[PDB]
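The structure appears right after this line, and notes come after that.
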Amino acid sequence: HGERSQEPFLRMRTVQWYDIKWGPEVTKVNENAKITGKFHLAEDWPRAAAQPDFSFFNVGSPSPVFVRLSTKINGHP
Amino acid sequence: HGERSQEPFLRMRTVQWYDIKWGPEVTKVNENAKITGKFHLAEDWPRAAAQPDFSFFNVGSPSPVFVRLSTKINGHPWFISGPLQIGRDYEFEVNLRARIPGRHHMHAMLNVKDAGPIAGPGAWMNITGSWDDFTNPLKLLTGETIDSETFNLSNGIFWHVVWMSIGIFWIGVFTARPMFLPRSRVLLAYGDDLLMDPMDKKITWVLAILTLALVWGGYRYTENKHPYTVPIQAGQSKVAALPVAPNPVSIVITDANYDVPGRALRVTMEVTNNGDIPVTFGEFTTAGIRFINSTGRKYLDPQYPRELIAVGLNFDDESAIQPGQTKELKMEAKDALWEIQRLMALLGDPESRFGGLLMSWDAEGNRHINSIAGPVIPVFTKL
Amino acid sequence: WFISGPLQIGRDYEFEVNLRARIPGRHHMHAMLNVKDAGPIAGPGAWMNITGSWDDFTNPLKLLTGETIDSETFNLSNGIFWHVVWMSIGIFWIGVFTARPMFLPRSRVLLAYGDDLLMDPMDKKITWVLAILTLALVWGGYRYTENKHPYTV
Amino acid sequence: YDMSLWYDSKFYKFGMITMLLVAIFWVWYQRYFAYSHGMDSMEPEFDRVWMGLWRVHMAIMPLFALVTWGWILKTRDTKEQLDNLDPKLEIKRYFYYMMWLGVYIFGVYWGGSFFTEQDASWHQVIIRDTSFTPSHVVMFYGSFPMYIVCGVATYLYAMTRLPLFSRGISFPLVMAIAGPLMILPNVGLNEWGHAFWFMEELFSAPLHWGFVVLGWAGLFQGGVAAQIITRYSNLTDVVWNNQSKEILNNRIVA
Amino acid sequence: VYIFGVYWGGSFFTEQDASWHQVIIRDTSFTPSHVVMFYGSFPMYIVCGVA
Amino acid sequence: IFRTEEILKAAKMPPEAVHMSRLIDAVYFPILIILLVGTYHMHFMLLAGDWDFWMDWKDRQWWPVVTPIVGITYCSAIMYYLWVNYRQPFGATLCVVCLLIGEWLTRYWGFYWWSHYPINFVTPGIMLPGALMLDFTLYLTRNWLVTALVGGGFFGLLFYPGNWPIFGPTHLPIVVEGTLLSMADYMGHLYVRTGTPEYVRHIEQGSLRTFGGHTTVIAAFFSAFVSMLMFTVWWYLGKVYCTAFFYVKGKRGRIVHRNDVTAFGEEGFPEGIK
Amino acid sequence: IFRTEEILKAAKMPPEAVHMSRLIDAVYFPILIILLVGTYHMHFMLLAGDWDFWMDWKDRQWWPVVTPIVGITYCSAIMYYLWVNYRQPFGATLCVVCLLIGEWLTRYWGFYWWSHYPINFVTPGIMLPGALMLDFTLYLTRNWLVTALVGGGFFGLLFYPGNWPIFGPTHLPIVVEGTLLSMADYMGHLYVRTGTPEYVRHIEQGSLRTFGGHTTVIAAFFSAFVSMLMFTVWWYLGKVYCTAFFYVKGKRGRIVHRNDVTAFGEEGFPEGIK
Ligand SMILES: [Cu+2]
Ligand SMILES: [Cu+2]
Ligand SMILES: [Cu+2]
Ligand SMILES: [Cu+2]
């Protein structure tokens, strides 16, 4: 919801996401859910986008419909 | 033309140019020319010069006597500036086209974002013809042929003339009647009631309508004549540096001194040939200046400018360093070319340091390049 | 390491500091690494003892131009001499006016009669002489220093 | 009626044509000696040509200032002559003062507009800015002091031949002249910025913003012209409308 | 008297502080220098000023 | 055909006075023109001349924002001077015309005939429609605050559409060595600038927060908004620039500000002339 | 031998009034001296004291530029006060003398006798010739704008040549561990500053746009130019510093600015004294 507005060249040559799993599809309130995946930082990082020297992995939810119990890049909290 | 003013320590330890070819020497107008070369970014990059994170390869021409058809670092088109790595070697090729006749000194430069210009060697190139015979026919992506010398020339002048005529009419409709003193007296004694003219209101309304209509019409005409246009391009260029060549020669600088009332550079070094074939030093290069001996003279470009070549490279032991041998050498670069390029100016530098490229050759003709740097001590011969 | 420089994280370095005893006493002597924006990073400390007298301290150095000096007493008389000369000139200039009615009578005369009686030709002569002397002294000191030390870095 | 009693323009025309010819000579010198002898600052020919022109400027412009200012101050009007001044002669003298202003403004145009974009033009055909580059010599050492002399001379004339200017201090005129005047010392800021970490690549760089702030003082022409027009209206009332002379000596008294 | 207090606070016991700032690792808050001026000379001249 | 005879009769000028006034105009107006040329040209080139000089600096972010903000300054002050003192509505147009005259003179003699750059590569270009509309707004509204708002909006908005006919054709795409460029970019690369490398261009670069289809539009409004401020500020600066007093002194040697007043502007002076 | 009796007779002072005036001078002048010492010393050390403290901070770029600009400020204001109120031309010299007295006191007692640094390593040094020439210019010209121009030029230009006899010998080269240093640099390294490492020195570093043979000269002119501005600005600040009024109130409780005037300075007061 807004990613298409972002200039292609930028997104296309910044973070290359792959193997992304969302689940479960339908969950009840107070139950656990998981979003897993991998991403490659492209060598052709555009000049417009600054170097990822301070990167935070965020969730693009409509609102806090999910409480982020944890986020782990590789295996580091 | 100005490179000698640049402090030696800086240029000496920034970009080390080598193997630079200019050609053809004499070319006619509308003919092609090329400046090729290589440069090493010295590991002893001075603190004063910023890191080459935004490097643009420029041409030091007297004026645009050549139109830069293309510039390519390694093999990547370098239209947009980009980062370069210190301690790595790069190759450049500049393709140009002759525009203005005359004799012109044509240089290589590397403009760094915050450091500034780093000028290189220069050679005299001659253009024969007429500037009024110059044509640069290009073809656009939309499918139109143009000439870069005469492109969008009548359009801009036409629009300028139209708008300037409108402005001149607007100005001169008032500079045709008493304008400064009687108006001031009437306004200061009677108010602005007599100073407002309905005819001026009609003219103002007509001109405002005309101005808005002209803006809209020009915009629509231009957007109908050229439906497809691209914005001003930006970004950065990126090319992998030349692969590091294996060097059987390892050099450690122990001492270095330069004469303040004189012209000489004396460098004491410890060289180690950890390879398997004898190696003999033949050339010391810095700031485009080259000091050569018989070995260096053996492998020398006959077309390189002779005003930057000095046969003054002397060693205490001018013998080939045998494989697996460590030797103490003392190199002496002495010639009047040091005075022309102001090696003399190291005494007023806030950093007394030397750098350069020492070149060596095998018995079979293979070349090794070592970037050497260190602190130089002043030697006062007058005492 | 006279001039600061960059160091690499995750790498090991060796340091050696050579010093000479100046002031007697017992002193805790540390290692520090001052980083540009981080600040000081102090290290371990040990107590070292100096026995003697601070007035026996001499640090004989030799310059590139060929002169022997002592770091404790170097360019000491020169700076004090020039300071004394210029301060004497300034004190004379100040005190040539702090010898007569200076605040109230001048204010009354200026506020009632203008500055006509407040300008003194003798002060003009003194001003001209002192200006000529000041310019001549600046030029002479510069030329004397540049003739005594032709080579400086 | 008699035009000559309150109007004369020979000096204005001579100054205008002389300034134009000097600018044309500077242009010809630049176009003849810049590419052949102005490329390298260390060459002896660069000295002999461009530093020779710099020395000529440094010897002529102080002479210009001395001659002009001394002539203006030497043929001065005493307080007696400035109190019984013929108002027709006062109109003529105000015309002369406006013409001096015009010469000063022509000098400012030559210095700040023409020989400045010509410098940006030179800044792009050379590796880096020097200090006595062909451009500099003609303006920094030539056009700059030139308009400054005219500016002082302009004020000088006014406060010597115009009683009002000899009476009170024309605040607007002060700034109008001091501005381009103080522009010349800003060459120090220019050089210090170019040589050190204030960058040099842009011509519209922050170190070049001292000139715009100092040249904003040239907009006090509003106050200058307000004074001129007020005096002109008073002189018109006195001379032609047979009004009392008291309006000329009433408002600028203590 | 107030100006003598200001001289003691702002001139003498300030370069003496710069002098202390170079023989210590980093500035503290109650360093020998501070106590005498920040908490001593400073309020001293202030009292005189009000008085 | 305007109402000049009525104005002259209201001013009570004898024919010799009328001729003297005409000579004053003919002497002073060229002086004001030349002063505007010089000072406005210096101000514009040293604040916004870099985007002015070269074709490849005319971008969607900095050129249409920096140029009108710099241009409105002298226009507002000169309009204040002319309108307040003489009721003349041609201030901004005169400023921009003087700036363009100076710019064309320097481009032809400095950039082209001395530095050998082509004329089409150094088109400035125009800023005139905005100044004309600002003058028309000031004349029609007669209020300088409504003029500030509407005319500053016009000045900041009409800059890019008015320059598009000149620099629009320069945006046609070209392919050189397999790389896409705008024709202005290839013109900039073709003609070597020894002192101006590529990386010094303060032009758009794109961002992850940027809507590429709206860039100019946003640049059209921001440049407008600041203009509405700048005008106002410089309008007050006009009152500073029209300050005309003398430092007179007497007796104790005291200096007092004194203003010379127009006798014709007094209460009963015009009636007593006859 | 000057004209003091004539001045006293023009002031109409009885002998007891003359003695009371002499006591006023003897009380107030030391107070002004001490205030200048304190405040000027604080201002100078907290704006330019770092280059002042150490021998190796005295460079060709920042020291001769920062020092005169900081020094001219108090000098201009005190010169305004003295000249405008009492026609006394010794303002700048008095300021610099007070600054040097304070500096020497703190260097001897703070840096040397407490922190054990050598005296020669902390020479400030002088800024006096420029102040003297500024005072002479103000006295001889009697105009504060011509004084601003010429005296600011002198103040910014004479700083480095006047200090060269003191710090010139400190630039002799030495070779330590095969590295070339200035003797000031080796003095700085020899005497450990726990709070001042090498990298904090704001000194010259060279540039690719820099003419090493002209550096000081350029620094001599820039520091001059700003001085010509700074003087002027602080001269106006002097008028702010001499503002002497009272907030009086009456009736509704309204507060009005009131000025106490000198009766002797009135029109006919001196003649009616007799
Ligand atoms: Cu979504
Ligand atoms: Cu060359
Ligand atoms: Cu320049
Ligand atoms: Cu502290």
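Summary table below
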read-out	value
Gaussian network model of chain F, Cα within-10 Å springs - most flexible of F:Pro14, F:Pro165, F:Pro30	F:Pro14
For G:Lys249, inter-copy label distances in nm, listed shortest first [label point 7 Å out on the Cα-Cβ vector]	4.1
Theoretical FRET efficiency, 1/(1+(r/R0)^6), r = Cβ-Cβ of A:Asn74 and B:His76, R0 25 Å, to 0.05	0.15
Rounded to 10°, Cα long-axis angle of helix D:10-37 versus longest principal axis of chain D	0
More than 22 angstrom apart: percent of Cα pairs within the range B:84-165	57
Sequence-distant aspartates and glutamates (8 or more away, or on other chains) whose Cα lies within less than 16 Å of B:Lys238	A:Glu43, A:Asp44, B:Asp53, B:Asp89, B:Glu91, B:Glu93, F:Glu177, F:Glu198
Average silhouette area of the range B:190-256, convex hull of alpha-carbon atoms, in square nanometres	17.1
Histogram of C-alpha separations across the range G:85-162, 5 Å bin width, %	3, 16, 20, 18, 14, 11, 8, 6, 3, 1
Phi-based couplings in Hz for the range B:225-231 (Karplus 6.51, -1.76, 1.60; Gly and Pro marked x)	6, 10, x, 10, 9, 9, x
Tail beyond 20 Å, pair distance distribution of the range D:139-235 (Cα, percent)	47
Cut-off under 5 Å, modelled amide H: who pairs with B:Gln325 long-range	B:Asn273
Whole-percent pair-distance distribution, where bins are 5 Å wide, for the alpha carbons of chain G	1, 5, 10, 13, 14, 13, 11, 9, 7, 5, 4, 3, 2, 1, 1, 0, 0, 0
At 7 Å out from Cα toward Cβ: F:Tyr108 inter-copy label distances (nm, ascending)	7.4
Rounded to the nearest 20 debye, dipole of the protein assembly as shown from Cβ charges on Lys, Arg, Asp, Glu	3960
Point-charge dipole on Cβ atoms (K/R +1, D/E -1) for the range C:22-153, about Cα centre, debye to 20	180
Shape call, the protein assembly as shown: gyration tensor on alpha carbons, a/c limit 1.5	oblate
Nearest 10 degrees, 0 to 90: helix F:63-86 Cα axis against chain F principal axis	10
Contour minus Cα-Cα distance for D:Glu45 and D:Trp28 (0.36 nm per residue)	4.3 nm
Of the trypsin sites (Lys or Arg not before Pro) in the range C:7-64, those whose Cβ has at most 12 other Cβ within 10 Å and which sit in DSSP loop	C:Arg11, C:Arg20, C:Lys36
For chain D: span of alpha carbons on each principal axis (Å, largest first)	69, 33, 29
Degrees, to the nearest 10: B:153-172 long Cα axis against longest axis of chain B	40
Equivalent-ellipsoid semi-axes of the range B:314-363, from the Cα gyration tensor, Å, largest first	29, 13, 10
FRET efficiency for G:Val176 and D:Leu73, using Cβ-Cβ distance with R0 set to 60 Å, rounded to 0.05	0.45
Two-decimal Rg to Rh for the range F:113-229 - Kirkwood Rh, Cα set	1.06
Three principal axis lengths of the range C:13-110 [C-alpha, angstrom, descending]	75, 41, 30
Directionally averaged shadow of chain B, computed from the convex hull of its alpha-carbon atoms, nm²	30.4
Set of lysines with alpha-carbon distance to D:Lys13 below 24 Å, sequence-local pairs under 8 removed	D:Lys74, D:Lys88, D:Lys92
Size of charge dipole - the range G:1-131 - debye, nearest 20, with Cβ of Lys, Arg +1 and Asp, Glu -1, no other charges	320
HN-Hα J in Hz across the range B:71-88 - Karplus 6.51, -1.76, 1.60, θ = phi - 60°, x for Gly and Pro	9, 9, 8, 6, x, 9, x, 9, 7, 10, 5, x, x, 10, 9, 7, x, 10
Residue pairs, from the table F:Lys12/F:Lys239; D:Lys79/F:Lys249; F:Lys249/G:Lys9; B:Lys28/B:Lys139, whose Cα atoms sit over 19 Å apart	F:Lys12/F:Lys239; F:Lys249/G:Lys9; B:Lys28/B:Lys139
Neighbourhood net charge (15 Å Cβ-Cβ; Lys/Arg +1, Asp/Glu -1) for B:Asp133	-1
D_trans [Stokes-Einstein, Kirkwood Rh over alpha-carbon pairs] for the range D:1-95, 25 °C, 0.890 mPa s, µm² s⁻¹	142
Label geometry 7 Å along the beta-carbon vector: G:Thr262 inter-copy distances in nm	4.2
Interchain or long-range residues, amide H under 5 Å from B:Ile377's placed H	B:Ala256, B:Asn257, B:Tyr258
Linear extension gain, B:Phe158 paired with B:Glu270, 0.36 nm per residue minus alpha-carbon span	33.3 nm
Debye intensity ratio I(q)/I(0), log10, the range F:29-183, q values 0.15, 0.16, 0.21 Å⁻¹ (C-alpha model)	-0.80, -0.90, -1.35
Cα centroid of the range D:104-132 to Cα centroid of the range F:135-214, whole Å	25
Using θ = phi - 60° and Karplus 6.51 cos²θ - 1.76 cosθ + 1.60, couplings along the range B:319-330 (whole Hz; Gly, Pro as x)	10, 6, 5, 5, x, x, 9, 9, 10, 9, 10, 10
Inter-site label distance for G:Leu46 and B:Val260 at 7 Å from Cα along Cβ, in nm	4.3
The range B:203-300, Rg to Rh (Cα coordinates; Rh as Kirkwood inverse mean 1/r)	1.52
Estimated D of the range F:168-236 in µm² per second, where Rh is the Kirkwood radius over Cα pairs and Stokes-Einstein applies at 4 °C, 1.567 mPa s	84
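Read-outs: derived from the displayed coordinates by stated rules, not from any lab. Every residue, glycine as well, gets a Cβ built from its backbone with ideal geometry; the counts of neighbours run over all protein chains shown.
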